[PDB]
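There is one chain below, alone, in structure tokens, taken in the form whose entry title says "R-state".
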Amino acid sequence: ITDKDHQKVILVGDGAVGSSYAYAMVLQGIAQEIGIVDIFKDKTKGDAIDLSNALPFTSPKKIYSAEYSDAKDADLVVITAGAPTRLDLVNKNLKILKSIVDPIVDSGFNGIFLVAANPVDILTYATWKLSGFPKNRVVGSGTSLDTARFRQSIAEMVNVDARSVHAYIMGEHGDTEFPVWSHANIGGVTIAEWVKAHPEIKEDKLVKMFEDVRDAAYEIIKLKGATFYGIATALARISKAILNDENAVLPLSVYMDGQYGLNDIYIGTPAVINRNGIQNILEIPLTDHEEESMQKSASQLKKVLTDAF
């Protein structure tokens, strides 16, 4: 039975995101095996060696340049392989995603898909459609990183550990996402309550703070050329919640079955995740304004999915 006490991850895409993700899993000692799949075979071999060079300072792992067929007995397939009209972007990514998901399913893979490729909510739905897997075993990173960025920006404004800050970005990851100010809090004190006790914090600083979250990727790409440490860390956090069976609440792309009056899309909302994937979708009671933001995000996303399929 202890023959099972070996956690295996297949990573698809060895760009800055996949490579950083593998490094995060090395340093935190999450899983015992990482197979790295990418068209660029030389690069994945180089990365597997560079990452392996770190292992003497952490817990051991088998790290290698892998093939889709190595997903047969994987716990976790992480898809980062995303090509940069919105509908053309989707059609291009659907053909690439089919070339990933089909051979992975053909391997006998029977674990959880974790999708981080842009656009994530659409490609999460597409992964579900192509794979034939249950809804709860296809997960997208959704607004996990936007939420982390939001919490860290509040943490810095108020000089508090972001782990004591509780706020969500929800909807489709992208321009239509929105902040759930109504439930956002610091140690259980709502932002509305916090602003009353600390009125140096102007409404316009909060507006700007959400705008900086929405435009974060643009600002980072402008400064250093790409974004990767954030999403790599989020993917490793989601990976730990699955592999350690945590029943952790994370904001993820999850299948709408009536939540917020939505159906038959993947979109960002807090959910409970454990070894079996999504257990519970948390439906935060939104204000009329927040519910409208959710409906506009959903509707625009549903239109693109319909047109794409």
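The term rigid core refers to the maximal set of C-alpha atoms that superpose within 1.5 Å between the two forms. Numbering starts at 1 and runs along the sequence shown.
Going from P84 to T85, the model skips 4 to 9 deposited residues, which lack coordinates.
Between 89 to 97 and 190 to 198, the higher mean Cα B-factor belongs to 89 to 97.
Mean C-alpha B-factor is higher over 200 to 208 than over the other stretch, the pair under comparison being 200 to 208 and 158 to 166.
Sort the chain's modelled residues by C-alpha temperature factor and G18 lands in the lowest third, per the entry. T227: CA B factor lies in the middle third for its chain, per the PDB record. Annotation for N263: CA B-factor lies in the highest third of the chain's modelled residues.
In the deposited entry, the Cα temperature factor of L130 sits in the top third of values across the chain's modelled residues. Sort the chain's modelled residues by C-alpha temperature factor and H173 lands in the middle third, per the entry.
Below, we turn to the form whose entry title says "T-state", even though it does not appear here.
Comparing the forms between this form and the one not shown on their rigid core, the Cα displacement of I96 stays under 2 Å. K205: CA moves less than 2 Å between this form and the one not shown after rigid-core fitting. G108 is not among the residues whose C-alpha shifts by 2 Å or more between this form and the one not shown once the rigid core is aligned; its shift stays under 2 Å.
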